[PDB]
């Protein structure tokens, strides 16, 4: 609560969010983005939570074209509770507010959606989100310049056996 935003859309569904503070600003962003891309975000948060194999089985891939089970092992390793808690504790109050407003505005769209712009309506993975989910997405993008390029290699790393 104490979340409010004024949203104007111009041609091509570009939103213009006005708010008096970061929480209201994030509330308008999250709600406007959900209207256009709720399914995409829910999918990418599933990936970043390491829950692809849980909803989709081991036969499919993420949008980055990794197999679901190696992708999940990578993101479970990346986004462990202690890493997320340390990342959160290092955020400025303004950024914390932006993120809380975003999750609440996204969840508000989801509470009301009737499918007009949301093709994955009723799927079990289309779920309310939390600020930790947006930190999971953030960390996933941070490491795309680094260990994320070696995700398969991380999953493959196993010590040698008895061989010659």
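Positions refer to the first chain, counted from 1.
As the entry records it, the average C-alpha temperature factor is higher for 155-163, out of 155-163 and 2-10. Across the two stretches, 98-106 and 122-130, the PDB entry reports the greater mean Cα temperature factor for 122-130. Among 36, 43, 51, 59, the highest C-alpha B-factor recorded in the PDB entry belongs to 59.
Among all modelled residues in this chain, the alpha-carbon of residue 113 has a temperature factor (C-alpha) in the highest third. Annotation for residue 23: CA B-factor lies in the highest third of the chain's modelled residues. Ranked by Cα temperature factor within the chain, residue 74 sits in the lowest third according to the deposited record.
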